[PDB]
Amino acid sequence: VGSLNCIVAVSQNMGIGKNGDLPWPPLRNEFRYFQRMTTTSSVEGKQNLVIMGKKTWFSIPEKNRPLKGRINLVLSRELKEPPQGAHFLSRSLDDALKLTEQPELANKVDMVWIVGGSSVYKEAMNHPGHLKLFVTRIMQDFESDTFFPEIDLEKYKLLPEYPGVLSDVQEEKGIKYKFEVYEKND
Ligand SMILES: NC(=O)c1ccc[n+]([C@@H]2O[C@H](COP(=O)([O-])OP(=O)(O)OC[C@H]3O[C@@H](n4cnc5c(N)ncnc54)[C@H](OP(=O)(O)O)[C@@H]3O)[C@@H](O)[C@H]2O)c1
Ligand SMILES: Nc1nc(=O)c2c([nH]1)NC[C@@H](CCc1ccc(C(=O)N[C@@H](CCC(=O)O)C(=O)O)cc1)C2
């Protein structure tokens with residue numbers, strides 16, 4: 001119903017996962033950023049929707065599923081029902097977005113947040129219309145087996161600052177990182 005957004009943390013070499021976990025150790029303030037961004041609704045009375053692929057769902061600690069305070073939707077072409085704990089299942093991003101337009105979610109959902117994995121990000125990034133990418137740049141190389149798609153920097157523009165997002169380099173566990181926001185109006 002509201003805006004469509006992707007949110008990701010990436011290493012310099014564009015890595016987002018290794019062996020089903022993040023490639024870096026837990027960065028607690030970065031996690032809190034993810035939590036604040038995906039949970040905070042712009043409309044009182046509504047929740048945000050988080051959309052994620054099957055492997056991403058199972059990469060969330062069981063104790064944290066479903067992500068509290070958000071509506072959790074899993075994408076999968078083979079699952080018959082959503083994995084235990086998930087609220088919805090769709091076969092594709094387009095089907096998920098259509099679902100948000102139906103009466104069951106139309107008055108329940110505010111923002112839509114895409115939270116991975118790679119194929120889901122790629123699909124979202126190319127989807128027509130206004131889209132924002134909330135990218136945490138982890139300023140180190142990390143061995144990774146899963147990567148974020150390349151961002152077309154003509155098509156997307158980096159916003160110089162963004163309300164509610166810190167601009168300075170952050171550091172936790174000796175790992176420096178910075179929060180970035182990209183936008184297309186497409
Ligand atoms: N650093 C980050 O911000 C970030 C973000 C997200 C994930 N990750 C990491 O990346 C890894 C998991 O991500 P992933 O890329 O491997 O997988 P994923 O997309 O979460 O899951 C792959 C499965 O999801 C389903 N799926 C994915 N895209 C679909 C689509 N467009 N339409 C229909 N179904 C779709 C497919 O299920 P079916 O085979 O059942 O059809 C596919 O087998 C983990 O290591 C996780 O920690 C990192
Ligand atoms: N900015 C940013 N940082 C990140 O760590 C991630 C994303 N974006 N996007 C994708 C995400 C990978 C999938 C994932 C999503 C959520 C969680 C999770 O346990 N979330 C909880 C705790 C906070 C957290 O661990 O991020 C929550 O939101 O309440 C664990 C894994 C990891």
# chains A, B, ... in the order shown; residues from 1 in each chain; ligands from 1
call {"tool": "residues_around", "arguments": {"residues": "residue A:22", "least_positions_apart": "4", "cutoff": "9 Å", "atoms": "only C-alpha atoms", "output": "list in words"}}
result
residues 9, 15, 16, 17, 18, 26, 59 and 144 of chain A
call {"tool": "select_by_dssp", "arguments": {"residues": "stretch 45-182 of chain A", "states": "alpha helix (DSSP H)", "output": "ChimeraX atom specification"}}
result
/A:54-59,93-101,103-106,118-126
call {"tool": "residues_near_ligand", "arguments": {"ligand": "ligand 1", "cutoff": "8 Å", "atoms": "only C-alpha atoms and all ligand atoms", "output": "MDAnalysis selection string"}}
result
chainID A and resid 7:10 15:23 52:57 59:60 74:79 90:93 115:120 123 136 145:148
call {"tool": "write_last_selection", "arguments": {"atoms": "N, CA and C atoms", "output": "short mmCIF file (atom, residue, chain, number, x, y, z; two decimals), in the first residue's frame"}}
result
data_model
loop_
_atom_site.label_atom_id
_atom_site.label_comp_id
_atom_site.auth_asym_id
_atom_site.auth_seq_id
_atom_site.Cartn_x
_atom_site.Cartn_y
_atom_site.Cartn_z
N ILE A 7 16.13 -3.64 1.88
CA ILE A 7 17.12 -3.36 2.92
C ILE A 7 18.12 -4.50 2.99
N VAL A 8 19.40 -4.14 2.97
CA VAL A 8 20.48 -5.11 2.89
C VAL A 8 21.73 -4.56 3.57
N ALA A 9 22.56 -5.47 4.08
CA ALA A 9 23.94 -5.16 4.50
C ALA A 9 24.87 -5.94 3.61
N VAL A 10 25.86 -5.25 3.04
CA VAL A 10 26.75 -5.83 2.04
C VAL A 10 28.20 -5.54 2.39
N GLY A 15 29.19 -9.18 -0.87
CA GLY A 15 28.68 -10.36 -0.18
C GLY A 15 27.59 -10.07 0.86
N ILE A 16 26.60 -10.96 0.94
CA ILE A 16 25.52 -10.82 1.91
C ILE A 16 25.30 -12.08 2.76
N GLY A 17 25.93 -13.19 2.41
CA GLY A 17 25.76 -14.40 3.17
C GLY A 17 26.92 -15.36 2.99
N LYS A 18 27.12 -16.21 3.98
CA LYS A 18 28.11 -17.27 3.94
C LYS A 18 27.57 -18.44 4.74
N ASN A 19 27.41 -19.59 4.09
CA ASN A 19 26.94 -20.81 4.76
C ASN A 19 25.64 -20.59 5.55
N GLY A 20 24.74 -19.76 5.01
CA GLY A 20 23.43 -19.55 5.60
C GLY A 20 23.38 -18.56 6.76
N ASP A 21 24.50 -17.87 7.00
CA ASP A 21 24.59 -16.84 8.04
C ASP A 21 25.12 -15.57 7.38
N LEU A 22 25.19 -14.48 8.13
CA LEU A 22 25.90 -13.29 7.61
C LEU A 22 27.40 -13.57 7.56
N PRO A 23 28.12 -12.90 6.64
CA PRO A 23 29.57 -13.14 6.53
C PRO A 23 30.40 -12.53 7.65
N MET A 52 10.44 -12.06 1.95
CA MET A 52 11.74 -12.73 1.89
C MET A 52 11.63 -14.10 1.23
N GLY A 53 12.73 -14.54 0.63
CA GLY A 53 12.79 -15.87 0.06
C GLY A 53 12.87 -16.93 1.14
N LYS A 54 12.70 -18.18 0.73
CA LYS A 54 12.70 -19.32 1.64
C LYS A 54 13.99 -19.51 2.45
N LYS A 55 15.15 -19.42 1.80
CA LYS A 55 16.42 -19.59 2.51
C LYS A 55 16.65 -18.46 3.50
N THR A 56 16.22 -17.26 3.13
CA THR A 56 16.36 -16.13 4.04
C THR A 56 15.50 -16.36 5.28
N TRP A 57 14.27 -16.83 5.10
CA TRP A 57 13.42 -17.13 6.25
C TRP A 57 14.13 -18.09 7.22
N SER A 59 17.14 -18.57 7.61
CA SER A 59 18.40 -18.02 8.11
C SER A 59 18.15 -17.13 9.33
N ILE A 60 16.89 -16.83 9.60
CA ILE A 60 16.51 -16.09 10.80
C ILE A 60 16.48 -17.06 11.98
N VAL A 74 6.66 -15.08 2.85
CA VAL A 74 7.72 -15.88 2.25
C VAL A 74 7.41 -16.15 0.79
N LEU A 75 8.43 -16.03 -0.05
CA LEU A 75 8.31 -16.31 -1.46
C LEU A 75 8.86 -17.70 -1.74
N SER A 76 8.10 -18.50 -2.49
CA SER A 76 8.53 -19.85 -2.84
C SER A 76 7.63 -20.43 -3.90
N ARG A 77 8.24 -21.02 -4.93
CA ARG A 77 7.49 -21.62 -6.04
C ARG A 77 7.13 -23.08 -5.77
N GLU A 78 7.59 -23.63 -4.66
CA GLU A 78 7.43 -25.06 -4.38
C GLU A 78 6.69 -25.35 -3.08
N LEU A 79 6.82 -24.46 -2.10
CA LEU A 79 6.10 -24.63 -0.85
C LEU A 79 4.60 -24.58 -1.11
N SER A 90 3.69 -16.48 -1.03
CA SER A 90 3.40 -16.16 -2.42
C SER A 90 4.42 -16.84 -3.31
N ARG A 91 4.07 -16.98 -4.59
CA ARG A 91 4.93 -17.68 -5.55
C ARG A 91 5.91 -16.75 -6.24
N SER A 92 5.65 -15.44 -6.20
CA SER A 92 6.52 -14.46 -6.84
C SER A 92 6.31 -13.09 -6.22
N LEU A 93 7.25 -12.17 -6.47
CA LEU A 93 7.14 -10.83 -5.93
C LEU A 93 5.89 -10.12 -6.46
N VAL A 115 13.67 -8.19 2.08
CA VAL A 115 14.83 -8.52 2.90
C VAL A 115 15.67 -9.71 2.42
N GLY A 116 15.57 -10.04 1.14
CA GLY A 116 16.46 -11.02 0.54
C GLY A 116 15.74 -12.30 0.17
N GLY A 117 16.43 -13.25 -0.48
CA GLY A 117 17.85 -13.13 -0.82
C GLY A 117 18.14 -12.51 -2.17
N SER A 118 19.26 -12.90 -2.77
CA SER A 118 19.76 -12.31 -4.01
C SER A 118 18.75 -12.21 -5.14
N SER A 119 18.05 -13.30 -5.43
CA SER A 119 17.12 -13.30 -6.55
C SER A 119 15.95 -12.36 -6.28
N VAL A 120 15.48 -12.34 -5.03
CA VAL A 120 14.41 -11.44 -4.61
C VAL A 120 14.85 -9.97 -4.72
N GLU A 123 14.94 -9.02 -8.44
CA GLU A 123 13.59 -8.85 -8.96
C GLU A 123 13.03 -7.51 -8.53
N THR A 136 23.48 -0.95 3.82
CA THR A 136 24.57 -0.77 4.78
C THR A 136 25.82 -1.30 4.13
N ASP A 145 29.26 -16.50 -0.04
CA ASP A 145 28.78 -17.39 -1.11
C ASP A 145 27.51 -16.85 -1.79
N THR A 146 26.96 -15.78 -1.22
CA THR A 146 25.77 -15.14 -1.75
C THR A 146 26.04 -13.65 -1.87
N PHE A 147 25.60 -13.03 -2.96
CA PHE A 147 25.92 -11.62 -3.24
C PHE A 147 24.71 -10.77 -3.59
N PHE A 148 24.83 -9.47 -3.33
CA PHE A 148 23.81 -8.50 -3.71
C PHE A 148 24.02 -8.13 -5.18
#
call {"tool": "residues_around", "arguments": {"residues": "residue A:177", "least_positions_apart": "2", "cutoff": "8 Å", "atoms": "only C-alpha atoms", "output": "PDB file with N, CA, C and O atoms, in the first residue's frame"}}
result
ATOM      1  N   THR A 136      23.478  -0.954   3.823  1.00  0.00           N
ATOM      2  CA  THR A 136      24.574  -0.774   4.776  1.00  0.00           C
ATOM      3  C   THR A 136      25.825  -1.296   4.128  1.00  0.00           C
ATOM      4  O   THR A 136      25.915  -2.468   3.794  1.00  0.00           O
ATOM      5  N   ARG A 137      26.784  -0.408   3.922  1.00  0.00           N
ATOM      6  CA  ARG A 137      28.050  -0.775   3.324  1.00  0.00           C
ATOM      7  C   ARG A 137      29.021  -1.180   4.425  1.00  0.00           C
ATOM      8  O   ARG A 137      29.451  -0.319   5.189  1.00  0.00           O
ATOM      9  N   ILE A 138      29.322  -2.474   4.521  1.00  0.00           N
ATOM     10  CA  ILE A 138      30.306  -2.993   5.461  1.00  0.00           C
ATOM     11  C   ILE A 138      31.649  -2.794   4.762  1.00  0.00           C
ATOM     12  O   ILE A 138      31.878  -3.357   3.688  1.00  0.00           O
ATOM     13  N   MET A 139      32.517  -1.992   5.368  1.00  0.00           N
ATOM     14  CA  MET A 139      33.712  -1.485   4.696  1.00  0.00           C
ATOM     15  C   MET A 139      34.930  -2.410   4.882  1.00  0.00           C
ATOM     16  O   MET A 139      35.999  -2.012   5.355  1.00  0.00           O
ATOM     17  N   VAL A 169      30.502   7.349   9.465  1.00  0.00           N
ATOM     18  CA  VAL A 169      30.974   5.981   9.592  1.00  0.00           C
ATOM     19  C   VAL A 169      30.739   5.468  11.005  1.00  0.00           C
ATOM     20  O   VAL A 169      31.005   6.161  11.992  1.00  0.00           O
ATOM     21  N   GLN A 170      30.196   4.254  11.067  1.00  0.00           N
ATOM     22  CA  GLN A 170      29.892   3.553  12.299  1.00  0.00           C
ATOM     23  C   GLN A 170      30.958   2.472  12.453  1.00  0.00           C
ATOM     24  O   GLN A 170      31.591   2.086  11.476  1.00  0.00           O
ATOM     25  N   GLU A 171      31.161   1.995  13.668  1.00  0.00           N
ATOM     26  CA  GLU A 171      32.078   0.892  13.892  1.00  0.00           C
ATOM     27  C   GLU A 171      31.591   0.030  15.052  1.00  0.00           C
ATOM     28  O   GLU A 171      31.248   0.546  16.110  1.00  0.00           O
ATOM     29  N   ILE A 175      34.676  -3.438  12.880  1.00  0.00           N
ATOM     30  CA  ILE A 175      34.233  -3.396  11.491  1.00  0.00           C
ATOM     31  C   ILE A 175      33.546  -2.059  11.246  1.00  0.00           C
ATOM     32  O   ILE A 175      32.544  -1.731  11.892  1.00  0.00           O
ATOM     33  N   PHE A 179      25.677   3.752   6.457  1.00  0.00           N
ATOM     34  CA  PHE A 179      24.299   3.591   5.964  1.00  0.00           C
ATOM     35  C   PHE A 179      24.101   4.471   4.742  1.00  0.00           C
ATOM     36  O   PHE A 179      24.427   5.669   4.754  1.00  0.00           O
TER      37      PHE A 179
END
call {"tool": "atom_distance", "arguments": {"atom1": "atom CA of residue A:102", "atom2": "atom CA of residue A:124"}}
result
19.6 Å
call {"tool": "atom_distance", "arguments": {"atom1": "atom CA of residue A:95", "atom2": "atom 15 (C, counted along the ligand's line) of ligand 2"}}
result
21.3 Å
call {"tool": "closest_residue", "arguments": {"among": "A:66, A:45, A:149, A:2", "to": "ligand 2", "atoms": "only C-alpha atoms and all ligand atoms"}}
result
A:66
call {"tool": "closest_residue", "arguments": {"among": "A:99, A:51, A:105, A:43", "to": "ligand 2", "atoms": "only C-alpha atoms and all ligand atoms"}}
result
A:51
call {"tool": "closest_residue", "arguments": {"among": "A:44, A:172, A:62, A:143", "to": "ligand 2", "atoms": "only C-alpha atoms and all ligand atoms"}}
result
A:62
call {"tool": "closest_residue", "arguments": {"among": "A:152, A:81, A:30, A:180", "to": "ligand 2", "atoms": "only C-alpha atoms and all ligand atoms"}}
result
A:30
call {"tool": "closest_residue", "arguments": {"among": "A:134, A:121, A:182, A:40", "to": "ligand 2", "atoms": "only C-alpha atoms and all ligand atoms"}}
result
A:134
call {"tool": "closest_residue", "arguments": {"among": "A:161, A:178, A:84, A:131", "to": "ligand 2", "atoms": "only C-alpha atoms and all ligand atoms"}}
result
A:178
call {"tool": "residues_around", "arguments": {"residues": "residue A:104", "least_positions_apart": "6", "cutoff": "12 Å", "atoms": "only C-alpha atoms", "output": "PyMOL selection string"}}
result
chain A and resi 1+88+98
call {"tool": "write_last_selection", "arguments": {"atoms": "N, CA, C and O atoms", "output": "compact mmCIF listing (two decimals), in the first residue's frame"}}
result
# COMPACT_ATOMS: atom_id res chain seq x y z
N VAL A 1 0.86 -1.22 0.00
CA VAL A 1 0.00 0.00 0.00
C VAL A 1 0.88 1.25 0.00
O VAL A 1 0.67 2.18 -0.78
N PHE A 88 2.19 -15.37 5.51
CA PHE A 88 1.76 -15.55 4.12
C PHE A 88 2.83 -16.21 3.28
O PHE A 88 4.04 -16.17 3.60
N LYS A 98 0.53 -7.94 -5.41
CA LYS A 98 -0.90 -7.97 -5.70
C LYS A 98 -1.67 -8.34 -4.44
O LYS A 98 -2.76 -7.81 -4.19
call {"tool": "decode", "arguments": {"residues": "stretch 114-136 of chain A", "atoms": "N, CA and C atoms", "output": "compact mmCIF listing (two decimals), in the first residue's frame"}}
result
# COMPACT_ATOMS: atom_id res chain seq x y z
N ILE A 114 11.68 -5.54 1.31
CA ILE A 114 12.26 -6.74 0.75
C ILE A 114 13.54 -7.00 1.49
N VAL A 115 13.67 -8.19 2.08
CA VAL A 115 14.83 -8.52 2.90
C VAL A 115 15.67 -9.71 2.42
N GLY A 116 15.57 -10.04 1.14
CA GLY A 116 16.46 -11.02 0.54
C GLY A 116 15.74 -12.30 0.17
N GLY A 117 16.43 -13.25 -0.48
CA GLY A 117 17.85 -13.13 -0.82
C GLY A 117 18.14 -12.51 -2.17
N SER A 118 19.26 -12.90 -2.77
CA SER A 118 19.76 -12.31 -4.01
C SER A 118 18.75 -12.21 -5.14
N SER A 119 18.05 -13.30 -5.43
CA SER A 119 17.12 -13.30 -6.55
C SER A 119 15.95 -12.36 -6.28
N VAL A 120 15.48 -12.34 -5.03
CA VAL A 120 14.41 -11.44 -4.61
C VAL A 120 14.85 -9.97 -4.72
N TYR A 121 16.05 -9.66 -4.25
CA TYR A 121 16.57 -8.32 -4.43
C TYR A 121 16.61 -7.92 -5.91
N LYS A 122 17.12 -8.80 -6.76
CA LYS A 122 17.27 -8.47 -8.17
C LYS A 122 15.91 -8.19 -8.79
N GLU A 123 14.94 -9.02 -8.44
CA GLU A 123 13.59 -8.85 -8.96
C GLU A 123 13.03 -7.51 -8.53
N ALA A 124 13.19 -7.20 -7.24
CA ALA A 124 12.65 -5.97 -6.70
C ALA A 124 13.31 -4.78 -7.37
N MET A 125 14.63 -4.84 -7.51
CA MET A 125 15.35 -3.68 -8.00
C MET A 125 14.95 -3.26 -9.41
N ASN A 126 14.49 -4.23 -10.20
CA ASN A 126 14.12 -3.99 -11.60
C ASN A 126 12.63 -3.72 -11.76
N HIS A 127 11.87 -3.97 -10.70
CA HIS A 127 10.42 -3.76 -10.71
C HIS A 127 10.13 -2.28 -11.03
N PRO A 128 9.17 -2.01 -11.94
CA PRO A 128 8.82 -0.62 -12.26
C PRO A 128 8.34 0.19 -11.06
N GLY A 129 8.63 1.49 -11.07
CA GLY A 129 8.08 2.39 -10.07
C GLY A 129 9.08 2.87 -9.05
N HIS A 130 8.58 3.60 -8.07
CA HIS A 130 9.40 4.18 -7.03
C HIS A 130 9.92 3.08 -6.12
N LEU A 131 11.24 3.01 -5.93
CA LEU A 131 11.85 2.02 -5.03
C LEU A 131 13.04 2.66 -4.33
N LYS A 132 13.19 2.36 -3.04
CA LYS A 132 14.37 2.79 -2.28
C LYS A 132 15.18 1.59 -1.83
N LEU A 133 16.51 1.71 -1.88
CA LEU A 133 17.40 0.68 -1.39
C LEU A 133 18.12 1.22 -0.18
N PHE A 134 17.90 0.58 0.95
CA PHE A 134 18.61 0.90 2.18
C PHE A 134 19.78 -0.06 2.29
N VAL A 135 20.96 0.47 1.99
CA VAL A 135 22.17 -0.35 1.87
C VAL A 135 23.16 0.02 2.98
N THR A 136 23.48 -0.95 3.82
CA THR A 136 24.57 -0.77 4.78
C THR A 136 25.82 -1.30 4.13
